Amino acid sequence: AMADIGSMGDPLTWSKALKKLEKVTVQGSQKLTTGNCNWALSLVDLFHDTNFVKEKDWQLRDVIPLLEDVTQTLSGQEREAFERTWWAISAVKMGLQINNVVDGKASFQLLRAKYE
C-alpha cells in the first residue's frame, strides 16, 4: 500500500529503554528486571523465528504487531506477565516515563492501533 517516508525511529534504543525500564515498578511489589525484558523479547523473537533479541535496537512498529499472537498463546499469568511487560517496554521505549507497568496499558493501545 503506502510508506511512512520519515518517522526515523522511537524515543530511545532498546538499551536506554531497558535501563529506565527496570525502574518502573511492577506487579506484586517488585520492580522490573533487565532480564525480565530480554525474556519477553526472546519469548517472541523465538515464537516468530525472528531475531530482535539479537538486533542492537529496533522499532516497535516492527514488533508490536507480533505481540498479539504471543500474548494470545501464553495462558497462565505468563500472559499478563508478558503483556504487562510490553505495555511497559512499549510505553517506556516510547518516551512514556511511567511509574508502573499496568499504568501505561493506554500507551500500548495507542501504539498498537498506530503500528498495527
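Residues carry their position along the shown sequence, with the first being 1.
Mean CA temperature factor is higher for 1-9 when stretches 1-9 and 106-114 are set side by side in the entry.
For the pair 63-71 and 29-37, the mean Cα B-factor is higher in 29-37.
Going by the entry's values, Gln77 shows the largest Cα B-factor out of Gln77, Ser42, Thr50, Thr85. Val92: CA B factor lies in the lowest third for its chain, per the PDB record.
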